[PDB]
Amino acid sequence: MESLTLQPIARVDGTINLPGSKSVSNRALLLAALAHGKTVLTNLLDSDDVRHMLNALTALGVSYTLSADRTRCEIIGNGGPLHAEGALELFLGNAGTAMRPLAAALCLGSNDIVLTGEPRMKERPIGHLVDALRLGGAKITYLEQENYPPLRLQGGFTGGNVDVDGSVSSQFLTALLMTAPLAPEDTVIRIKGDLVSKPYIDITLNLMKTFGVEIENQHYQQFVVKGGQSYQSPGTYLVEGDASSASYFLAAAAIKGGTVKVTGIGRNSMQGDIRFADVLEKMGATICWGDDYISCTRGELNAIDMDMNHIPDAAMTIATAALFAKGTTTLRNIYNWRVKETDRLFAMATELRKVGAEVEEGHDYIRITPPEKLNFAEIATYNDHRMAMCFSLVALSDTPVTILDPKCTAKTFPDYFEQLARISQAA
């Protein structure tokens, strides 16, 4: 299969202009499609996950145009719920930010649509969202395994009292929040127990407000939504650079800098992953904050032991950065790593051991003891963009690393290796 071998990188230094945020991009596209008016999105991410959303919108009849680099998108809002019949199949790759929000949104009114995706997506849970949608009136059928895509959506979500489990995925609540305002009746969304990864709910509410809708958030335990609302185009909207994508570059400087500055995100960002910078600071790196940048400068690197549920995606970057830290690092409260692009606790533990680390794969945590020196390994990537990006950091040592299926980074960051190369220096 395809592979890329990264030569040892002596030092990193430079500036990277970040690709757009995947989380913001897919929310903005769906809201723009539902909204009245023309929305112009700039700094939109061009990656597999966004392409699947764009293709779904095209299939649903939404009109839009894209600039040459696909980062500027002019969307003609539909002025209401999207519709299709005949069990139209929408193929969503392995994009959770397309699958979960569309699973909910397409329950408005009548419809006959099928949502499916890659094999792994048929193994990523969606039952708790389906349960909630059904409580609100939706008719949903599991075409294969109960609790997983593919789903046949036949509409009917009118609102009412809806309970949802948010203990493993915040995306189920996000999907309900974006959908409820357009339902004919008011909706009260009750969180069954605890809610995981709260920052993504804040991103959803932030985007909804940009598109003209606000709801009543009762300490994240219950959300009161008024029905009969309409989303409205914000005119021109700038998509923040991706803070999760930024993690690799900031960590690279913490390990081998130099100073690396990422632009497109700053202290005012709505993304929870900007807090990844705080972790590097706790490890001994220096961080500088700007309006539209975050930079990291090499200091030292000490192991840490902390809960990472607030930044599950960027947290993976700490797992490989730990190979360069002094002491044993423990990342806790990351059970949900198991239900993402791959089971990341199993994958991270397996690949880290290949370069020499002693690793304890806990059920919901990972403990990493770095080796005195890293060794060469051919890293398996599990169709997971972040496995490829996290392990690229192994090359900030005296050993090269070979990454299998490097193009898997395209899920969120097609140009990843060219960007890492941009800040890689020989002297």
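Counting begins at 1, following the sequence as shown.
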Got a sec? Mean C-alpha B-factor, which is higher, 323-331 or 183-191?
183-191
27-35 set against 59-67, stretch whose average Cα temperature factor tops the other in the entry:
59-67
Highest Cα B-factor in the deposition, which of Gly117, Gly227, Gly257, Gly96?
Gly227
Based on the PDB record, which member of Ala314, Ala175, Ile215, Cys73 exhibits the highest Cα temperature factor?
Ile215
Position of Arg386 among the chain's modelled residues by C-alpha B-factor, lowest, middle or highest third:
lowest
Tell me, lowest, middle or highest third: where does the Cα B factor of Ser247 rank within its chain?
lowest
Assigned third (lowest, middle, highest) for the C-alpha B factor of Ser3:
highest
By the recorded C-alpha temperature factor, relative to the other modelled residues in its chain, which third is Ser397 in?
highest
Which third, lowest, middle or highest, does the CA B-factor of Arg367 fall in along this chain?
middle
